[PDB]
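Below: the structure, in structure tokens.
With ideal geometry, Cβ positions are generated from the backbone for all residues, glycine too; neighbour counts draw on all protein chains shown. Just so it is clear, none of the values below were taken in a lab; they were calculated from the coordinates.
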Amino acid sequence: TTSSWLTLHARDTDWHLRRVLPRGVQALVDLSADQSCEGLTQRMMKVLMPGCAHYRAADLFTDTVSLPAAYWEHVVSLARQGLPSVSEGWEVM
Amino acid sequence: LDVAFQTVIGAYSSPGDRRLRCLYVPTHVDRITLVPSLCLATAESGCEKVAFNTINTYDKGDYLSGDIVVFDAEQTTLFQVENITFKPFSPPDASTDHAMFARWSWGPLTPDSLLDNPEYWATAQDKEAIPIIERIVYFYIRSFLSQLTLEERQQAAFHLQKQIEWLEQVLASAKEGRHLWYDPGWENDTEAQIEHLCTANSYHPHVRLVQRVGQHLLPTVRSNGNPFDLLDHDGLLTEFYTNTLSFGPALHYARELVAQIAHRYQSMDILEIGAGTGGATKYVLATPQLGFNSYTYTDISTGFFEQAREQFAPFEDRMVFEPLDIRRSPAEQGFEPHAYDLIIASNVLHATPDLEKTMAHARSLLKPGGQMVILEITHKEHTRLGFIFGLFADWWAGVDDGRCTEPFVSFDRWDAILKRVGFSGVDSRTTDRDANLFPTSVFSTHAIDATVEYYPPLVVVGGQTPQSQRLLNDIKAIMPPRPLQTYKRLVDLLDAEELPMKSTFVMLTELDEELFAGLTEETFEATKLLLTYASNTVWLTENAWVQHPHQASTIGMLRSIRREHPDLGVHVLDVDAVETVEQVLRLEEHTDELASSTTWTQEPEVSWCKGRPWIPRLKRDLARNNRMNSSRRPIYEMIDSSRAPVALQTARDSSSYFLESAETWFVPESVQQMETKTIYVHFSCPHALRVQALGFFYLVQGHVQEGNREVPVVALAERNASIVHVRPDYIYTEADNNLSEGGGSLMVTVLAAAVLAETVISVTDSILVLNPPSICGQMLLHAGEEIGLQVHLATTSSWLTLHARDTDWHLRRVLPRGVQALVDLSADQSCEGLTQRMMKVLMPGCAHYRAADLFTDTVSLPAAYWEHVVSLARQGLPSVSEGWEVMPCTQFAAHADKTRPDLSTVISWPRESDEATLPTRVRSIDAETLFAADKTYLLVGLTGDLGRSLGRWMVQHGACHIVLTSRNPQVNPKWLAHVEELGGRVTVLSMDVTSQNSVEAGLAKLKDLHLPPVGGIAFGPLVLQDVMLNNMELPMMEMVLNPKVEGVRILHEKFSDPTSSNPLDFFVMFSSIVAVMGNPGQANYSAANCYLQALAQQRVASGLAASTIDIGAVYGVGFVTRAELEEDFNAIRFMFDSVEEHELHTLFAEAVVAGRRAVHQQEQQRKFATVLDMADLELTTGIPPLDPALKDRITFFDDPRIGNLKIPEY
Amino acid sequence: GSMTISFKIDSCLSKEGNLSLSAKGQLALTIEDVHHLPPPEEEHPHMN
Ligand SMILES: NC(=O)c1ccc[n+]([C@@H]2O[C@H](COP(=O)([O-])OP(=O)(O)OC[C@H]3O[C@@H](n4cnc5c(N)ncnc54)[C@H](OP(=O)(O)O)[C@@H]3O)[C@@H](O)[C@H]2O)c1
């Protein structure tokens, strides 16, 4: 995170990422709503395992669009574990 | 901000360490980030004084990379910098190199009397060619002799002996002289026979020259033209001088003799006369290093001086060009008399009828005791060189002596003439037992003045041991008439009441009980008394460096004493076998021979090994210096890639590929990476290929020596090179010829790429591939068929013939909409825009893979994988020929480009040494992991900043378990956490190495900590009492030695079992350069360091890894840095060179590598039974370039042991 | 809330010389209409 979690920060030095980031990572998933962390992600690509798979927020979330029955069962089973993490109306507009 | 930048340099280089040998200026910054609000607030608030932190990320030397962070008092980061690339103002040329490394290059104490090297014997080809040309003439040689001499008189008298100055007789006599050889039934046919012989090697340069001269000597037969200018000004003359193994081995023996002389005598003012083209100069200067302070290139004519300057430019600073006519007085020609320690006669004494006067002139130029190296004719054989040598213009001048030309003087008559002209006889000569070496046999002669004596009292201490008794009796029988005092032991000397102050001591106490083993019994005080009464001293030891480390401690004590008491002349003689006489007396006589202006080096120390005397010289070990500097500049070394690992590494900037030394330097871990196979690569893929989430691996095809079989194999290599060490799982061991040379590797590479692409994606039902390699398309189609995936091929040139810059609407029209993944293999990166447009038209969320995701220039398995790869490749083999794209590694490095990765390209790694012996960009010793992860490395005495730096470097280089030990380890646990972040578990043992019980308790605590067995030890405990020995006290000696000596003894006894299950990868003992040169007031320290060196050497001789590093002043970290003595040691900068923190790490790595190499060579039956065999274990370091201008301040410059490290002045 | 600026500091050492590049790069500004950096690393335990 750019705010257990690894409290990274945007504009962090690649050397710091080497120091802190685990070297066993084979894939990186950037879900940052703020796009300023793109530089941080690029620096991660230079320190993570070469060939590490890279997924951006655009690869999971998009504003344009243009199944196994067990999928939603697994989804709800996982959600029932972490429901107490926040209130019902955490962000409703 | 510039100060913040200077912080990076400060981190890189400590004050006074000289790590910043070149001026670095910023040339690129990856990122500078500044918070303007905080900076403005600090500027306006007046709290300008702010804190900073910086990381010198890259420090190899080529260009520094720094990450800076400047923050306010409240730790609010005002700004930061990332990878501020400081680069030299100008490229770091060799002038900026660091020459700290040095080695004990051993050589004979005097040049060998006979230079008989089988490597330089006349080969079978030459030894048959010369008797073959004899066969043409040998029949009637008895009759020929006189006529051959007559023909040799073409320069002076032959033109009149039969009126041969006129055309008819000239024409008749040329062929008559040639028939003097060709008469016995061969005659004119010999003209063609000579060419037939020349068709083979070792025949051409000599008899072809004979044929050439025989066809053009007519004008010279009448004395009307230049003897050799007629031969196109050269046809083979230089080749005959060099290539022929009759004129060649003489030059080889000359090189050997000059190497020996310049080794024992250094800083020599050398002067070669008659060099001409400089072939002899070339050979003699071809020695790796020689102690020539100056080299006067001299000849009767100056016409060759331009060629000498162009050829000998590297030695131009050492070399000065001055003509000289040895037939004329040197003083009249501007030369300073008796100013040269060595003179060389390059086959010029035969060109003067004043031989005696020319040699007298050479003596006049030579200093007393100077060596005259004479490359000259001797022991003539008419049937071998007569008619071709007889032609020259001034070589015949000398017939006045009554023999042909200047006589082919025999070595005995050479000795007679040489003695008559003021020299010490022919004590050294080249072998001429059979043939081919008489024409150019070489000799060395000393200038006889103040000659070796071979009066003040002689005092002998020792003689208790039966061999010591025998040597005392031999001294008594062989000593000249001199006052004599004898004592059984040094305690008897202590009891002595009358000892002369001008005593010349001969100490055999080391052959008896050693001093440093019995110092308790007032032996230290007895040594003080000895020094008080000792003006001259000689010491004897029995294989101290290999059997008796205490005797080596005494040697080091004397080494320091020679600095503390320069007026005290000291010699030490270490004998491998005492039973094998008569040389200690001569050394004792030499001790009184205190010649300052004479060439005779004072022989500070000597070793009698293998029945011969040897003297050491600290010559810059250019191998290790080159390895260290490769970290800083593109050091190139000629390495045989076919028999040494040479990887075609990509540049840091990724601009071009270069050949880099891939020597891993004997990493012992091969069990976790079980049975790591060695592959001698014949062909390989330049680019690393991705595999199924495992990583990028290059494709290499080559041979594996399985029980000497050259079994072809194809494997995935992490270190693409001529030679690879790869896990068996990544190897395809079939010898199928269908996987033919070059082409097979091509297909396997293409199929690895295709299999990776199919496997990572498959989930999808259809994909698209953009601009795949020409071979790739069909293979990808085959893989899709075999995995049931619809693969579409797109090309920018069935295939979809797309084009770069195509409109996205066109892509929508043509590209299938069922594609779920895109794979861009385009070697040309201009198609990136096309790929981006594809992403806008393909299925949203479509997976995207680029060429960088499959192919890369930097790297940093199921058995069925290669089976599937080869099965697919066998489908598409016919798509192309075998050599579709084959280029040598040299051509690829010179012309290939990283930005344009030419996929489906294959490198033809050279296999022959001639093809593979190439200039390889050397690799830093610490550029690759050197340590195993299943062993503990024990840094004994290394808990200060030096020890911490070494440990962190170790973990950075594969040391997952480190143990720091000291009597009081004051180590911050935060530093332990930091090093653990690097990947290594580091602990402090608090072990007092001075006690056996403490060491055993610590080693048991290791098991209590569950740490792996100790696989290596870095022994550097230190205590210093800077006081001269006379003013020193025994408690100081105990304090200095017990840590060092007792710790090494305890640890060795703990690991004195080469057959143990956990042999040490290394045993590095941290010695100071005082152990090699001494220092005023550090006799105890030098003795302890020499004990460490001898213990390491004998441990290696025992089959156990060990090494010693003679460190200089470590300004970066440790004693100097923590004691804040940078000014005091820089005051002696000319005495002890700086050893940087990271340079210290490099030195330790090199010592570990040297120990491992020595152990492996011992497994290769290297005896290591004497000091000579272990010149590398003592990595001499910390001696700066010795400037003669500072010779006065340097208190050890007069030592010849450092002669090769002395800067030339004239 | 961003601004990318390509900057080049051209230099000429003499009036007779041509204008040449001395420095270049990019500037990425996080701006407002009118803790941003990582906290400094903990000081290294041992420091000469
Ligand atoms: N002049 C040179 O050529 C030179 C210069 C620097 C280093 N070196 C070599 O590099 C190695 C490390 O030297 P350094 O830079 O670290 O010097 P240093 O800063 O003074 O550290 C040496 C420490 O080892 C400690 N030590 C640990 N166990 C000990 C024991 N059992 N008995 C006595 N002392 C013990 C000493 O006392 P404490 O435990 O209290 O610390 C001493 O402080 C040494 O082997 C030395 O030979 C040579």
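Observations
- Mean separation of Cα contacts under 8 Å, 6 or more apart, over the residue count of region B:402-443: relative contact order %: 28 percent
- 3J(HN,Hα) from dihedral phi, region B:1073-1082, Karplus parametrisation 6.51/-1.76/1.60, rounded to Hz, x for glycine, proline: 5, 4, 5, 10, 10, x, 6, x, x, 10
- Rel. contact order, % - alpha carbon contacts under 8 angstrom, at least six apart, region B:253-392: 24 percent
- Cα centroid separation - region B:1121-1187 against region B:409-435, whole Å: 42 Å
- If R0 is taken as 41 Å, the Cβ-Cβ distance between C:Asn18 and B:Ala977 corresponds to a FRET efficiency of 0.15.
- Residue-averaged [θ]222 nm for chain B, counting only DSSP H segments that reach four residues, each worth -39500 (n - 2.57): -9500 deg cm²/dmol
- Restricting region B:1112-1210 to trypsin sites (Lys or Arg not before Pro) that sit in a DSSP loop and have at most 12 other Cβ atoms within 10 Å of their own Cβ leaves B:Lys1167.
- With a simple spin-label model that places each label point 7 Å from the Cα along the Cα-to-Cβ direction, the separation between A:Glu73 and A:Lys46 comes to 4.8 nm.
- The modelled label-to-label distance between B:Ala735 and B:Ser113, using points 7 Å beyond Cα along the C-beta direction, is 5.5 nm.
- Between region C:19-48 and region B:43-95, the C-alpha centres lie 10 angstrom from each other.
- Summary of the geometry: region B:504-549 and region B:227-267, compared by the centres of their Cα atoms, lie 47 Å apart.
- Under the convention that each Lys and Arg Cβ holds +1 and each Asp and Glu Cβ holds -1, the size of the dipole of region B:924-999 around its Cα centre is about 200 debye.
- DSSP-defined beta bridges in the protein assembly as shown - what % are antiparallel, rounded to 5: 50 percent
- For the pair B:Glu1163 and B:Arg1193, label points projected 7 Å from Cα toward Cβ lie 4.8 nm apart.
- Gain in span if fully extended, B:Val25 to B:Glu316, counting 0.36 nm per residue against the direct Cα distance: 101.6 nm
- In chain B the Cα-Cα distances spread across 10 Å bins starting at 0 as 2, 8, 14, 16, 17, 16, 13, 8, 4, 2, 0, 0 percent of all pairs.
- Of the chymotrypsin sites (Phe, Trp or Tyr not before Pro) found in region B:85-135, those in coil by DSSP whose Cβ has at most 15 other Cβ atoms within 10 Å are B:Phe89.
- Taking amide H atoms as placed 1.01 Å from N in the peptide plane, the amide H of B:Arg21 has no partner under 5 Å among residues 5 or more positions away or on other chains.
- A simple rule links phi to the HN-Hα coupling: the Karplus curve 6.51 cos²θ - 1.76 cosθ + 1.60 with θ = phi - 60°, which for region B:1028-1040 gives 5, 4, 4, 7, 6, 10, 4, x, 5, 4, 4, 4, 6 Hz, with x for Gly and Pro.
- This ranking places B:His1010, B:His446 by how few other beta-carbon atoms lie within 10 Å of each, fewest first, which gives B:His1010, B:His446.
- Calculated FRET efficiency for the pair B:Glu381/B:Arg142, C-beta based, R₀ 22 Å, to 0.05: 0.95
- Rounded, prolate or oblate (a/c below 1.5 giving rounded, otherwise prolate when a/b exceeds b/c) for region B:191-248 by Cα gyration tensor: oblate
- Residues B:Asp415, B:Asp234, ranked from the fewest to the most other C-beta atoms within 10 Å, line up as B:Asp234, B:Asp415.
- Computed FRET value (nearest 0.05) for B:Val1027 with B:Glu498, which takes r as the C-beta separation and R₀ as 30 Å: 0.60
- Summarising the amide proton neighbourhood of B:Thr1108: residues at separation of 5 or more, or on other chains, whose placed amide H is nearer than 5 Å comprise B:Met1069, B:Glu1178, B:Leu1179.
- Based on C-alpha pairs under 8 angstrom that are at least 6 apart in sequence, region B:1-85 has a relative contact order of 36 percent.
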